[PDB]
Amino acid sequence: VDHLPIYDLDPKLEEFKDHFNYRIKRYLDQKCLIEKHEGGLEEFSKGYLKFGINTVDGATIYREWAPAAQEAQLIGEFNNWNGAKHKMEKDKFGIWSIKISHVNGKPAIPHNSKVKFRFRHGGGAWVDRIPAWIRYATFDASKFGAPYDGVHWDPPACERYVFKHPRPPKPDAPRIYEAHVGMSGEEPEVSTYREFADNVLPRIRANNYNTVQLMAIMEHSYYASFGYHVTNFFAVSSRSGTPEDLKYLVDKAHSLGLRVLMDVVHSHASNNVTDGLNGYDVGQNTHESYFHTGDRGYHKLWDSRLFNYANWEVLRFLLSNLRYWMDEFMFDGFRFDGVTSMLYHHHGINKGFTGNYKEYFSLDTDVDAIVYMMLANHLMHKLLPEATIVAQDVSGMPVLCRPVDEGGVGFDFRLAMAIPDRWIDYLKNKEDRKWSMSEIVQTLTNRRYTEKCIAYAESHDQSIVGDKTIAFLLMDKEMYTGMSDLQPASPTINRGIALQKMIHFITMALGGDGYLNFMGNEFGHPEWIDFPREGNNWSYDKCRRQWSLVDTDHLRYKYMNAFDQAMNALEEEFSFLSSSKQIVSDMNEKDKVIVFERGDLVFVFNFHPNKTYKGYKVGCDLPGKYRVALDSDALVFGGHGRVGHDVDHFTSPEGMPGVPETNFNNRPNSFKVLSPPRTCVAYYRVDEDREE
Ligand SMILES: OC[C@H]1O[C@H](O[C@H]2[C@H](O)[C@@H](O)[C@@H](O[C@H]3[C@H](O)[C@@H](O)[C@@H](O[C@H]4[C@H](O)[C@@H](O)[C@@H](O[C@H]5[C@H](O)[C@@H](O)[C@@H](O)O[C@@H]5CO)O[C@@H]4CO)O[C@@H]3CO)O[C@@H]2CO)[C@H](O)[C@@H](O)[C@@H]1O
Ligand SMILES: OC[C@H]1O[C@@H](O)[C@H](O)[C@@H](O)[C@@H]1O
Ligand SMILES: OC[C@H]1O[C@@H](O)[C@H](O)[C@@H](O)[C@@H]1O
């Protein structure tokens, strides 16, 4: 009776038909109910025009869901923090409301003034909270541990940002520049949305990225959380600027041809009771709360309150949050962070995913959370058909990244989160000689090909666990004095620069259907990321980006950046990230050489410390004439210039089409190359005919 298009793609799935039937029934029932009673998902997600503070027909309306409160008032600067004349009334659903008429022809609550939701739980003292739907919240940055104020953000026309540029088209493959605004300046301080837009966005575009993953936008009280512990879900993080400054940022990005994705954190809320959503739990039943209660509401998770995703008002909140970011700020999509935590009641904490599908589909699978994400993905692709929604999920759950209507969760891409640990282990523990070519290839190629992933050698992940950059692992403190272009570099610096290029490149080429690079790592930025904390004396010295290093001409950082720039350009030209054509023809363990085919390019990697292989035979698909497409040993990338960019490499027949016995490394043709130690070279077939 029931068959799902996902079963066609992966046979092992139908073994869990009972689990999927329930999941789909739950999703369809909830959608059906939203459609009948709320006008469908698109209309249901317009919640921010109804909750929080909105201006209508010459009046101001403020709504706040708080079923547990018995009395409620709006307090603020506008009424001198006395709500005796701004008492709200409760409807049958525990939604509090008030209509405040304009005073002197102008809105009763001035733009940029402070407000709080005032309520009492049971005959005692008033409790004052920042509205759940507030759009801006500020704090005195001079004071340590300073509480936030809810700010009514409703600029006059002359101070409302006006979008001047359209959204770029969906790229064939995302080349993502992962970024954090506060730490994006060279100065030891919290940097701004405007500085980022004006000084960093052009760097991103000059490097041929097509997407920015913008982290730490949703308001968070704890700077060192990297945005992961959200307090005010509708508020643009105020330490870096206003909501209008962020609108300027997204628009500037679009003008450079860059798509912008935002980090969406719906896996939890901060447990910060004085500033955030968690202040709305006063001990009621979960049905009248954002969150589960008892163990279910936290599971011993640090700084975390867990959503009851089955709650109607919780769905309205989160789904509207998504529309808010897309509509108001022109984002081109999102990354849902903490998806591993949402998918399972054990949040995958000490798991442990060997590949037994029972680990994915059992009573531990969170249906409430999955239904939410399906509704979210259906919504988002309807609001913006060209949207890209990335899941951050370490578990690698099947059909996470298949269309909702096929029976999947609806995400476009997963992150290949296992990749960096390979390079990290190798760089810490295994001598160059002991590096396995097959083990590298396995890490990169072991993925699901029915779904798309974004590959990266390193990101903000490794930073939050306190790991060192690939560059510093390679070169350490030598980088501070050994990066001069004026004098020849030491063997170990030469070594690091080459491997940095090779690691990034093979990860891009073999790693997946998209690429990601964290701010600074494109040019092998030294040191590491460390937020101001008591243990570093509140120093910003490692909470910044040293742009000077890549900008100064007498240093060698430029060479890694130029290579990163060219690596991305190569992908723009040849489109190999969007190609299913992937063939690893040679994994030479003795010589330390990897050879593979991705798209129309032939890649040769020599990880050997010293040996130059001359006349190295490499398999290829089409016969003809081959030239250097991209070569890491080029002088422009700080190489030795040993490989010739103009030299022809003609092909030899090797058996016949489709007969694996006669073929060379399973390939129907072959050609020869020069391969110096620690180089990576891609090759393309010169088009003949063409001209002439
Ligand atoms: O069908 C007749 C009905 O139609 C209209 O109601 C519809 C609403 O307009 C529509 O929004 C939707 O209702 C949602 C509701 O918006 C949402 O808030 C949620 O309601 C929850 C509350 O969130 C929750 O706090 C709790 O509320 C009460 C509880 O009912 C009561 O038992 C007691 O304990 O106090 C609590 C707090 O004060 O539970 C409710 C109900 O689960 O979910 C609703 C959907 O179930 O759909 C409505 C139906 O179409 C009209 O507005 C209404 O006047 C008509 O009677
Ligand atoms: O919540 C209860 C449901 O959980 C799902 O994970 C299971 O697949 C169903 O069999 C079960 O009825
Ligand atoms: O509890 C809310 C508090 O907000 C603060 O900004 C004010 O100093 C107090 O007047 C008020 O009591």
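Residues numbered from 1 in each chain as written, not as in the entry; some residues may be left out. Chains lettered and ligands numbered in written order. Heavy atoms only, no water.

Its PDB record attributes the structure to X-ray crystallography, giving the resolution as 2.23 Å.

K.L.:
I keep staring at the overall build of the chain and nothing clicks. Help me out?
P.N.:
Each helix and strand in the chain was counted, giving 15 helices and 28 strands. Its C-alpha atoms give the chain a radius of gyration of 27 Å, near enough to 26 Å, the size a compact globule of 692 residues would have. With the C-alpha coordinates of the chain rotated into their principal frame, the extents come out at 85 × 65 × 50 Å. Just so you have it, the chain exposes about 28500 Å², and 50% of that area is on carbon and sulfur atoms. Seen as two clouds, the 79 positive and the 94 negative side-chain charges of the chain have centres 2 Å apart. (Helix = DSSP H or I, 4+ residues; strand = E, 2+ residues; numbered from the N terminus. Rg over C-alpha atoms; globule rule 2.2 N^0.38 Å. Areas by Shrake-Rupley, 256 points an atom, 1.4 Å probe, with all protein chains shown as cover. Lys, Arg positive; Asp, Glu negative; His and termini not counted. Charge placed at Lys NZ, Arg CZ, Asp CG, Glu CD.)

K.L.:
Please explain the site of ligand 1 as it appears in this structure.
P.N.:
Surrounding ligand 1, one finds 13 residues, the nearest of these being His37, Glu38, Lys92, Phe93 and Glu313. Between an oxygen atom of ligand 1 and a side-chain N or O atom of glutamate 38, the distance comes to 2.7 Å. At a separation of 3.2 Å, an oxygen atom of ligand 1 approaches a polar side-chain atom of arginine 316. Taken together, the elements giving at least two residues each to the shell around ligand 1 come down to helix 2 (17-38) and helix 6 (312-329). Per-element accounting of the shell around ligand 1 gives the leading share, three residues, to helix 6. A per-class count over the shell around ligand 1 returns four nonpolar, three polar and six charged. Residues from two domains meet in the shell around ligand 1; each of domain 1 (1-45 + 161-578) and domain 2 (46-160) gives at least three. (Near = heavy atom within 4 Å. Polar contact = N/O pair within 3.5 Å; in protein donor to acceptor, adjacent residues only side chain to side chain. Nonpolar A, V, L, I, M, F, W, Y, C, P; charged D, E, K, R; others polar. Domains from an automatic or database assignment.)

K.L.:
Before we go on, may I ask you to explain the domain arrangement of the chain in this structure?
P.N.:
Quoted interface sizes are often the accessible area lost when the parts come together. According to the domain assignment, the chain contains domain 1 (1-45 + 161-578), domain 2 (46-160) and domain 3 (579-692). The centre of domain 2, based on its C-alpha atoms, is set 65 Å off from the matching centre of domain 3.

K.L.:
Would you mind going over the pattern of salt bridges with me for this structure?
P.N.:
Where charged atoms from two side chains of opposite charge approach closely, those side chains can pair. For the coordinates displayed, the defined rule picks out 45 salt bridges. Through salt bridges with shared partners, a single ionic network connects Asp10, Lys12, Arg448 and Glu451. (Salt bridge = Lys/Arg side-chain N within 4 Å of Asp/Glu carboxyl O.)

K.L.:
How should I be thinking about unusual backbone geometry in this particular structure?
P.N.:
Residue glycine 352 is bonded to the preceding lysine 351 through a cis peptide linkage, with omega at 0 degrees. Within the fold, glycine 352 resides in the loop between helix 7 (339-343) and helix 8 (367-383). At the junction of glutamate 688 and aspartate 689, the peptide bond is cis and its omega measures out at 15 degrees in the coordinates. By secondary structure assignment, the location of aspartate 689 is in the segment after strand 28 (679-685). Of note, the phi angle at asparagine 80 is positive, near 60 degrees, even though the residue is not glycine. Even without being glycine, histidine 347 reaches a positive phi, approximately 55 degrees. With respect to the secondary-structure elements, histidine 347 resides in the loop between helix 7 and helix 8.

K.L.:
I keep staring at the site of ligand 3 and nothing clicks. Help me out?
P.N.:
Residues in contact with ligand 3, as listed here, are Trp81, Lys116 and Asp128. Within the side chain of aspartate 128, one N or O atom sits 2.9 Å away from an oxygen atom of ligand 3. Summarising the interface, the protein chains cover 45% of the accessible area of ligand 3, which totals 320 Å² for the free molecule.

K.L.:
Looking at this model, I keep getting lost on the side chain of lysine 31. Mind explaining?
P.N.:
When you line up the elements, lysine 31 lands in helix 2. Look at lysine 31 and you get buried, because its relative accessible area is 15%. A polar contact is formed between the side chain of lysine 31 and the side chain of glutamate 35, at a distance of 2.7 Å. With near-sequence residues (within four places) excluded, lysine 31 lies in contact with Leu41, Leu375 and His378. (Buried < 20%, exposed > 50% of the residue type's maximum accessible area, 1.4 Å probe, protein only. Contact = heavy atoms within 4.5 Å.)

K.L.:
Explain the packing of aromatic side chains here, please?
P.N.:
One pair of aromatic rings is described through two measures. These are the centre distance and the angle between the planes. A full pass over the atoms with the stated rule returns 61 aromatic pairs. Aromatic side chains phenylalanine 353 and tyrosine 360 sit 5.5 Å apart centroid to centroid with 10 degrees between the ring planes, which places their arrangement in the stacked category. Judged by relative accessible area, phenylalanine 353 falls into the partly exposed class, the value being 22%. Geometrically, the ring pair formed by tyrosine 626 and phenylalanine 671 is stacked, given 4.5 Å between the ring centres and 20 degrees between the ring planes. One end of the pair, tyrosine 626, is in strand 24 (residues 625-631); the other, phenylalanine 671, is in strand 27 (residues 669-675), and 45 residues separate them in sequence. The residues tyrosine 626 and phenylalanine 671 share a single accessibility class, namely buried. (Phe/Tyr/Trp six-rings, centres within 6.5 Å; stacked < 30°, edge-to-face > 60°.)

K.L.:
What's the story with the side chain of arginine 316 in this structure? I'm lost.
P.N.:
Structurally, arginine 316 is set in helix 6. Take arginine 316: its relative accessible area is 6%, and that puts it in the buried class. Ignoring sequence-local partners within four residues, the contact set of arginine 316 consists of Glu38, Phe44, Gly47, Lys50, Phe51 and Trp133.

K.L.:
Help me understand the pairing of strand 24 in this model?
P.N.:
Relative to strand 25 (residues 649-650), strand 24 is paired through two bridges, and the arrangement is antiparallel. Bridged to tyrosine 626 within strand 25 is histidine 649. (Pairing = 2+ DSSP bridges.)

K.L.:
Is there a simple way to explain helix 15 (residues 557-574) in this structure?
P.N.:
Within an α-helix, residues lying three or four positions from one another point in the same direction, as the helix has 3.6 residues per turn. Taking 1.5 Å of rise per residue, 18 residues should cover 26 Å, and helix 15 covers 26 Å from first to last C-alpha, within 8% of that figure. Burial analysis of helix 15 places 13 of its 18 residues in the buried class, which makes it a mostly covered element. Downstream of helix 15 by one or two residues, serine 575 has phi in the positive range, about 55 degrees. (Expected span 1.5 Å × (residues − 1).)

K.L.:
Which parts of the structure should I look at to understand the sheet that holds strand 10 (residues 175-179)?
P.N.:
Sheet strands line up and pair through hydrogen bonds in the backbone, either parallel or antiparallel. Within the open sheet, the eight strands sit side by side as 18-17-16-15-14-11-10-19. Their pairing is parallel. In this open sheet, the two strands that pair with only one neighbour each are strand 18 (453-454) and strand 19 (515-518). Pairing of strand 14 (residues 259-265) with strand 15 (residues 333-337) involves four bridges; the strand directions are parallel. Bridging from a neighbouring strand, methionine 262 pairs with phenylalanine 334 of strand 15. Against the sheet, helix 4 (residues 193-206) contacts strand 10 and strand 11 (211-214), and its axis sits at roughly 135 degrees relative to strand 11. (Axes fitted to C-alpha atoms, helices over the stretch in contact; angles between N-to-C directions.)

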